[PDB]
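In: Sequence, then structure. It's an experimental one.
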Amino acid sequence: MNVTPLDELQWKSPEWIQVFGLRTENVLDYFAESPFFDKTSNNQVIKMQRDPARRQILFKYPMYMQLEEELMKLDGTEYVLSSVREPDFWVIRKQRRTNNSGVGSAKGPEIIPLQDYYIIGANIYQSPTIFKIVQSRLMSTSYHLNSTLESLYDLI
Amino acid sequence: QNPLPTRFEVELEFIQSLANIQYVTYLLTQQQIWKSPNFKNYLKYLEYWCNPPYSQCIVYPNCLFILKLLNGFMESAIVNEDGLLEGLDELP
Amino acid sequence: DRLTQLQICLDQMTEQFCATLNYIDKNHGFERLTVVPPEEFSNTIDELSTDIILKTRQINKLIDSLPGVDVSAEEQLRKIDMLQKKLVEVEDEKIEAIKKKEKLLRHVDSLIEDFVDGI
Amino acid sequence: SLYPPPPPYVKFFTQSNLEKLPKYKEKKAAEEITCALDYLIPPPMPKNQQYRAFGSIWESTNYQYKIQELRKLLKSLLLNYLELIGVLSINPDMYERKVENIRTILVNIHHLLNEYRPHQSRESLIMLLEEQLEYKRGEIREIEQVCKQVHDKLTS
Amino acid sequence: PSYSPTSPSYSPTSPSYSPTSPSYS
């Protein structure tokens, strides 16, 4: 039993036939990543059953913009001049590729932050990573290799 | 000369080659074939030889034992990113 | 890449045969037996009709050029068989030649090696 | 590497095919290889018990015709269109039958060209073989030249 | 001003960091 854990591959060619070309892309990701767990899909199934500061920075163009309204509706803790979301998954993109996050937004007149996971998506692959996790990486690697070097100082 | 082997003939020849420890080694320490689950899945499919009437065709009995080992190992074997089988990295 | 360039070429017609019926449908063309003047319509209908006649011509000249028409499946099945054989023959001839040339080359090389100054 | 690679059949052992297997096996119950999934099912045991171990070692589809039709349907399609347009005379209680005929015409034509690929394929093979046979012939005649130029170059 | 310029080495031919297991549909 071996895990792929801290993001690895895609799901590829299988919704390449179903076709990836933005907007549909997000749903293709859902099958692929094995990472739609609650809200976005839940919204999907219920129907299937029968701005923000970052959003202002983002600005949504086409049908995914319509979905966005739906998602807010699904997940909005409400305060006087503010709304906060539970488990929505969403995206930011360009041309060949994009990046998407699954997040929680806290709002106010002069500031608003979404805490989430962010995932980049190029050519049927997802990236989800952490600095500090990122460092431990080639850092411990550098040192194990330096200690190979130090072990080689077994020279007279 | 004989015509090209049948699938049944190809698989019988192949399962039996696993009776050779060196060859099984040369595979275990391949790269490409462990990237994708295909080969792993193939070897489990080959356990069809372990029961009758199939097993009655096996001349090299060790290959069945080694297949079994090889198989059980794989389930819990951790596959490196390149293809390297993790639990073997120390050995040649 | 012909029977399909035919097939391909025959889609256009299907496309212009609908790119027409659309006009005729969406412009009361049926009522010809905001609206488009009785002129524009005709100029349009002719502009398409004529275009379709040229496609019909093309599609034939292509069906004529279409390969295999006259020939049987057998007259072909052997022609392939032959080519398969005459093809092996030619490769053995190629092989042989290659060998003979390399032998020739080895000869020349040997010579050249013995003209060198330095051990 | 005198060590052989694993059998070509390995490529079929994807996790996607494995998932489809249980349903396929069922449907089947309701050498004969027809699709990829057939390879995930052990081959049948031969009749000749000589595979038992001795011991242990520890009608011509006339196309000349199909082209006739094809040529017909085409004229028929052209006339019928000539009428819809008005170049030829027709009473309005037919107009739609014309449209009927065109759709049907264009269909049959499709089925024809469709049924013409086999014969098409062959002309392509016979076109390839011809082509490569001409290439190889050339390859030799090219080697020949060299031997003749070496004769010239040798005699000056 | 730690040293002067910064020592290139950039590398995609290294051992490897990616695995692979979700290839199957």
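Out: Sure thing, it's come through. Numbering: from 1, shown residues only, chains lettered A, B, ... in the order given.

In: right, is the longest helix along chain D up against chain C?
Out: Criterion DSSP state H: the longest helix present in chain D is helix D:117-154. Yes. Helix D:117-154 comes into contact with chain C (CB under 8 Å from any CB of the partner chain), by way of D:117-120, D:122-127, D:129-130, D:132-133, D:136-137, D:139-140, D:143-144, D:146-147, D:150. Backbone N, C-alpha and C define where each C-beta goes, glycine included.

In: Now that helix: buried residues?
Out: D:119-120, D:122-123, D:126, D:129, D:133, D:139-140 (16 or more other CB atoms under 10 Å in any protein chain shown).

In: With stretch D:71-81 instead?
Out: D:73-74, D:76-78, D:80-81.

In: ok, now stretch A:93-110?
Out: Those would be A:93, A:98, A:100-103, A:105-107, for stretch A:93-110 by 16+ other CB under 10 Å.

In: In strands only, show me those.
Out: Using DSSP state E, the subset of these located in strands is A:93, A:98, A:100-103, A:105.

In: Let's have the residues you listed in JSON lines, adding distance to residue D:67.
Out: Listed next are these as JSON lines, based on distance: CB to CB, whole Å:
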{"residue": "A:93", "distance to residue D:67": "51"}
{"residue": "A:98", "distance to residue D:67": "51"}
{"residue": "A:100", "distance to residue D:67": "55"}
{"residue": "A:101", "distance to residue D:67": "61"}
{"residue": "A:102", "distance to residue D:67": "60"}
{"residue": "A:103", "distance to residue D:67": "64"}
{"residue": "A:105", "distance to residue D:67": "68"}
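
In: Just give me the closest of the residues you listed to chain E.
Out: residue A:100 (17.2 Å; CB to the nearest CB).

In: ok, the closest one - contacts?
Out: Counting by CB atoms under 8 Å, 6 or more residues apart in numbering or on different chains, residue A:100 makes contact with A:26, A:29, A:89-93, A:118-121.

In: So is the longest helix along chain B next to chain D?
Out: Looking across chain B with DSSP H, the single longest helix is helix B:62-76. Yes. Using CB under 8 Å from any CB, helix B:62-76 comes into contact with chain D via residue B:62.

In: For that helix, which helices and strands make contact with it?
Out: Packed against helix B:62-76, as judged by 3 or more CB pairs under 8 Å, 6 or more residues apart in numbering or on different chains; DSSP states H and E, are the following elements: helix B:7-17, helix B:21-28, helix B:38-45.

In: tell me which residues in the longest one are buried?
Out: Of all the residues in helix B:7-17, those buried under the rule 16+ other CB under 10 Å are B:7-8, B:11-12, B:14-17.

In: In a markdown table: those, plus distance to residue B:45.
Out: Formatted as a markdown table, the buried residues of helix B:7-17 follow (distance: CB to CB, whole Å):
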| residue | distance to residue B:45 |
| --- | --- |
| B:7 | 12 |
| B:8 | 13 |
| B:11 | 9 |
| B:12 | 14 |
| B:14 | 12 |
| B:15 | 10 |
| B:16 | 16 |
| B:17 | 16 |
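
In: Near chain C, list only the ones from these.
Out: Counting by CB under 8 Å from any CB, the subset of those that neighbours chain C is empty.

In: Name the nearest of those residues relative to chain D.
Out: Nearest member of those to chain D, counting by CB to the nearest CB, is residue B:8, at 3.8 Å.

In: How about the contacts made by the closest one?
Out: With contact taken as CB under 8 Å, 6+ apart, residue B:8 is in contact with D:43-46.

In: count of neighbours near the closest residue to chain C within chain B?
Out: As assessed by CB to the nearest CB, chain C sits closest to residue B:1 within chain B, at 16.1 Å. For residue B:1, the count of nearby residues is 2 (other CB atoms under 10 Å in any protein chain shown).

In: just the helices in chain A please.
Out: Going by DSSP H, chain A shows helices at A:24-33, A:39-49, A:53-58, A:64-74, A:133-152.

In: before we move on, what SS does residue C:117 have?
Out: The three-state label given to residue C:117 by DSSP: H, G, I helix; E, B strand; the rest coil is coil.

In: who are the neighbours in contact with residue 73?
Out: The chain I'm using is chain A. Counting by CB under 8 Å, 6+ apart, residue A:73 makes contact with nothing.

In: could you do chain D instead?
Out: Shown in contact with residue D:73 (CB under 8 Å, 6+ apart): D:105, D:108-109, D:112.

In: If we use 6 Å, what do you get?
Out: The contact partners of residue D:73, by CB atoms under 6 Å, 6 or more residues apart in numbering or on different chains, come to D:105, D:108-109.

In: out of these, which are buried?
Out: D:105, D:109.

In: so which of the contacts of residue D:73 also contact chain B?
Out: Among those, none lies close to chain B by the criterion of CB under 6 Å from any CB of the partner chain.

In: Chain D against chain C: which residues are in contact?
Out: Contacts of chain D with chain C, taken as CB under 6 Å from any CB, map to D:67, D:78, D:85, D:92, D:106, D:113, D:116, D:119-120, D:122-123, D:125-126, D:129, D:133, D:136-137, D:139-140, D:143.

In: Write out the residues of chain E neighbouring chain B.
Out: Residues of chain E lying near chain B (CB under 6 Å from any CB): E:16-20, E:23.

In: Of these, just the buried ones, PyMOL syntax please.
Out: Buried members of these, defined by 16+ other CB under 10 Å, are picked up in PyMOL with:
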select buried, chain E and resi 19+20+23
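
In: quick one: residue D:7 and residue C:83, what's the gap?
Out: Look at residue D:7 and residue C:83: by CB to CB, to the nearest Å, they are 31 Å apart.

In: and the host helix or strand of residue C:104, what other elements does it pack with?
Out: Assigned by DSSP states H and E, residue C:104 belongs to helix C:73-113. Secondary-structure packing of helix C:73-113 (3 or more CB pairs under 6 Å, 6 or more residues apart in numbering or on different chains; DSSP states H and E): helix D:117-154.

In: Identify the residue of chain C closest to chain B, quick one.
Out: Nearest residue of chain C to chain B (CB to the nearest CB) works out as residue C:88 at 16.1 Å.

In: list the contacts for that residue?
Out: No contacts exist for residue C:88 under CB under 6 Å, 6+ apart.
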